[PDB]
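Each chain gets a letter, A, B and so on, in the order its sequence line appears, and its residues count up from 1.
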Amino acid sequence: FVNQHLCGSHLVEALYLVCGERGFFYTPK
Amino acid sequence: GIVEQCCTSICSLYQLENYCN
Ligand SMILES: [Zn+2]
């Protein structure tokens, strides 16, 4: 896997991919 | 949370997985 700062929509797409059918929760606050 | 962990610093694949359902 990439070794880097993942921010914004890049973070979200990383989650989408890694999580599969499980889905994810994105809570940045 | 996630921003501090994976944006502010860097996350391994395992750390990213903490945010899956
Ligand atoms: Zn970009």
Side-chain angles (χ1 to χ4, degrees):
Chain A
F1 208 84
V2 74
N3 190 56
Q4 61 128 338
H5 293 284
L6 293 168
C7 292
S9 55
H10 299 301
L11 186 41
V12 172
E13 226 352 81
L15 289 171
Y16 181 70
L17 179 68
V18 164
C19 303
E21 283 165 81
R22 276 185 276 166
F24 62 93
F25 62 85
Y26 174 69
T27 53
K29 254 287 70 216
Chain B
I2 198 150
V3 172
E4 358 314 301
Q5 277 208 305
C6 309
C7 168
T8 288
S9 72
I10 299 166
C11 267
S12 67
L13 172 58
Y14 298 106
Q15 290 168 115
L16 211 56
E17 299 205 282
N18 280 161
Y19 307 102
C20 306
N21 298 322

Handout entry: Donor-acceptor under 3.5 Å (A:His5 side chain, B:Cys6 main chain)
Key = no
Problem - B:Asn18 side, atom CG; B:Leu13 side, atom CG - distance, nearest 0.5 Å - result: 10.5 Å
Completion exercise
Applying side-chain contact (heavy atoms from CB on, under 4.5 Å) to A:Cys7 and not counting sequence neighbours gives B:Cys7
Problem - Gap separating the CG atom of A:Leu6 from the OG atom of B:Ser9, nearest 0.5 angstrom - result: 11.0 Å
Handout entry: Nearest heavy-atom neighbours spanning B:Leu16 and A:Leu15
Key = O-CD2, 3.6 Å
Problem - Partners meeting ring pair (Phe, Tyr, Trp, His ring centres under 6.0 Å) with B:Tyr19 (sequence neighbours left out) - result: A:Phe25
Exercise for the section: Using a cut-off of 6.0 Å, state whether more than 12 heavy atoms not belonging to A:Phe1 lie near its atom CZ. Expected result: yes
Exercise for the section: With rounding to the nearest 0.5 Å, note down the distance linking CD in B:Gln15 to CD1 in B:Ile10. Expected result: 10.0 Å
Fill in the blank from the handout: Here the gap from B:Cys20 atom SG to A:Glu21 atom CD, rounded to the nearest 0.5 Å, amounts to 12.5 Å
Handout entry: Approximate separation, where rounding is to 0.5 Å, of A:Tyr16 OH and A:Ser9 OG
Key = 14.5 Å
